[PDB]
Amino acid sequence: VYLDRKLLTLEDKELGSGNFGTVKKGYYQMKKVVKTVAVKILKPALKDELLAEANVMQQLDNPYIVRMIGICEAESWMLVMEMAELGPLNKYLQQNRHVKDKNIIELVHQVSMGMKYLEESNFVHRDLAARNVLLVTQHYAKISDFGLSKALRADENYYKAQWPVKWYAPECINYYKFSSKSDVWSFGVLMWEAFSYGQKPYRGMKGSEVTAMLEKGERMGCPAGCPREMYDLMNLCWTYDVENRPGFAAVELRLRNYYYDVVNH
Ligand SMILES: COc1cc(F)c(-c2nc3c(NCC4CCNCC4)c(Cl)cnc3[nH]2)cc1OC
């Protein structure tokens, strides 16, 4: 897990920031080949935050989740991850307006496969948004950004916080309780983003106005040209009651079946 700084070259290419610090493109010399990487660079609590994120990524092994190469202790603490060259899903759809519905379905279905694995592993993501979905290719999506992620206690199906509010389920906002079903709500917001060509959800609204909207039983309207089946699935992800809301196994299956209806014209 510990990487050699002399084997890492940081490119003059920024992929993200904050916070925290910056994300830079880089190249890491492996045992024989160089690997293209994304390097999360820290610039006291922020150190433990990065190490807990590294500890979460170390435990995960699925084709639809970004792979961590390792950690690097140098000028700054660094988290070295495999590069997804096409970048975030929202930015991609904003700039590539001719992506077919079949293709958007294929991508969000891959996200649902990665989340089904996270659900089975009893980890909660807590930052599941289109900006955190990375494209390896136009037909291959991966879940990234485990900065808010938690390993659930063995005796509880939720993490209690002691925030990307527009992606959060009511139980998160009201009770600070985060479960895999809370990630399903976020997934519904992500699907809305993907079918709105990366438009931000709840445009022009304050967090408190979003809470009020949701509590009155209101939800974002159907994106122009969105398949009805996909909008219906978003509304099922947006079930107020955690108990009636589907888990990722049920979501993955519905997306998979709908994908085959679309693939076969
Ligand atoms: C065309 O514009 C982009 C192309 C890119 F390839 C990338 C990129 N960023 C990462 C990345 N980390 C940072 C992103 C985590 C999710 N939230 C967004 C920033 C990691 Cl871990 C692995 N591959 C990545 N590819 C970013 C881009 O625009 C921000």
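Just so you know, residue 1 is the first one in the sequence shown, and it goes up from there.
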> Does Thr36 reach the main-chain N or O of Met83 with its side chain, forming a donor-acceptor pair under 3.5 Å?
Replying inline: no
> Is the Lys NZ or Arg CZ of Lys142 less than 6.0 Å from the centre of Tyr64's six-membered ring, within 45° of the axis?
Replying inline: no
> Cluster question for you: counting only ILVMFWY and a side-chain heavy-atom cut-off of under 4.5 Å, with indirect links fine, are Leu148 and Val133 together?
Replying inline: no
>> Test side-chain contact (heavy atoms from CB on, under 4.5 Å) on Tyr158 and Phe178; report intermediate values, then the result.
In response: CA-CA 5 Å; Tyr158 71 91; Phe178 295 88; 5.9 Å; no
> If you take all heavy atoms of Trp167 and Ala130, which pair is closest and at what distance?
Replying inline: NE1-N, 4.5 Å
> Any side-chain donor paired with an acceptor under 3.5 Å for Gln94 and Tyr197?
Replying inline: no
> Under a 4.5 Å side-chain heavy-atom rule over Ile, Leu, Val, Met, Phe, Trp and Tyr, are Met234 and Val262 clustered together?
Replying inline: yes
> So, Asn264 side chain and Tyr260 main chain: donor-acceptor pair closer than 3.5 Å or not?
Replying inline: no
>> Taking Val80 as the starting point, is it possible to reach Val66 by hopping between hydrophobic residues whose side chains are less than 4.5 Å apart?
In response: no
>> Minimum heavy-atom separation for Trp238 and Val189, please, with both atom names.
In response: NE1-N, 3.3 Å
>> Within the 3.5 Å criterion, strictly below it, is a donor on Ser182 or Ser179 matched to an acceptor on the partner's side chain?
In response: yes
> What are the two closest non-hydrogen atoms of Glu53 and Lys40, and how far apart are they?
Replying inline: OE1-NZ, 2.9 Å
> Is a donor on one side and an acceptor on the other found under 3.5 Å between the side chain of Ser196 and the backbone of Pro223?
Replying inline: no
> How far apart are the closest heavy atoms of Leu214 and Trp185, and which atoms are they?
Replying inline: CD1-CZ2, 3.6 Å
> When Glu171 is tested against each of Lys181, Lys177, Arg245 for side chain to side chain donor-acceptor pair (under 3.5 Å), which residue passes?
Replying inline: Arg245
>> For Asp183 versus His125, what's the shortest heavy-atom pair and its separation?
In response: OD2-N, 2.8 Å
> Just wondering, are more than 12 heavy atoms of other shown residues or ligands nearer than 6.0 Å to CG in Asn157?
Replying inline: no
>> I'd like to know if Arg256 pairs up with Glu252 as an ion pair, taking the criterion as any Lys NZ or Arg NE/NH1/NH2 lying under 4.0 Å from an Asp or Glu carboxylate oxygen.
In response: yes
> What do the steps show when you test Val56 against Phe123 for side-chain contact (heavy atoms from CB on, under 4.5 Å), and what is the final call?
Replying inline: CA-CA 8 Å; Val56 164; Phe123 282 86; 4.1 Å; yes
> Side-chain donor-acceptor pair under 3.5 Å between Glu209 and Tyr202, yes or no?
Replying inline: no
> Are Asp61 and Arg67 ion-paired here, with the side-chain N under 4.0 Å from a carboxylate O?
Replying inline: yes
>> More than 12 heavy atoms of other residues, nucleotides or ligands under 6.0 Å from NZ of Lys160: yes or no?
In response: yes
>> Whether the side chain of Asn62 engages the backbone of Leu118 through a donor-acceptor N/O pair (distance < 3.5 Å, no angle test) should be reported.
In response: no
> Is there a donor-acceptor pair closer than 3.5 Å between any side-chain N or O of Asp4 and the backbone N or O of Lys6?
Replying inline: yes
> Do you know which two heavy atoms are closest between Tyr140 and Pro63, and how far apart they sit?
Replying inline: OH-O, 2.7 Å
> Should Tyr168 and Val124 be regarded as members of a common hydrophobic cluster, given that ILVMFWY residues are connected when their side-chain heavy atoms come within less than 4.5 Å of each other, either directly or indirectly?
Replying inline: yes
> Do other residues, nucleotides or ligands put more than 12 heavy atoms under 6.0 Å from the OH atom of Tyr175?
Replying inline: no
>> Show every salt bridge (charged side-chain N to carboxylate O under 4.0 Å, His left out) that has at least one partner inside residues 124-138, sequence neighbours left out.
In response: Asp127-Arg131
> For the atom pair OG (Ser17) and NZ (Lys24), what is the distance rounded to the nearest 0.5 Å?
Replying inline: 11.5 Å
>> According to ring-ring contact (aromatic ring centres under 6.0 Å, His included), who are the partners of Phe248, at least two apart in sequence or on a separate chain?
In response: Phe187
> Can you check whether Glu85 reaches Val136 side chain to side chain, under 4.5 Å on heavy atoms?
Replying inline: no
>> Could you go through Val37 and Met81, starting from their C-alpha distance and side-chain angles, then the distance that decides it, and tell me whether this counts as side-chain contact (heavy atoms from CB on, under 4.5 Å)?
In response: CA-CA 5 Å; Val37 294; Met81 294 156 285; over 6 Å; no
>> If hydrophobic clusters are built from ILVMFWY residues whose side chains come within less than 4.5 Å, do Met220 and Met205 share one?
In response: yes
> Any side-chain donor-acceptor pair under 3.5 Å between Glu215 and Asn174?
Replying inline: yes
> Just one of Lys102, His109, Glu229 clears the side chain to side chain donor-acceptor pair (under 3.5 Å) bar with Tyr258, so which one?
Replying inline: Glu229
> Using a distance-only test with no angle check, is there a side-chain donor-acceptor pair under 3.5 angstrom linking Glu49 and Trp77?
Replying inline: no
> Between the side chain of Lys35 and the main-chain N/O of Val33, is any donor-acceptor distance below 3.5 Å?
Replying inline: no
> For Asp241 and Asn244, does a side-chain donor sit closer than 3.5 Å to a side-chain acceptor?
Replying inline: yes
> Between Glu73 and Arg5, does at least one N-O distance fall below 4.0 Å, as a salt bridge requires?
Replying inline: no
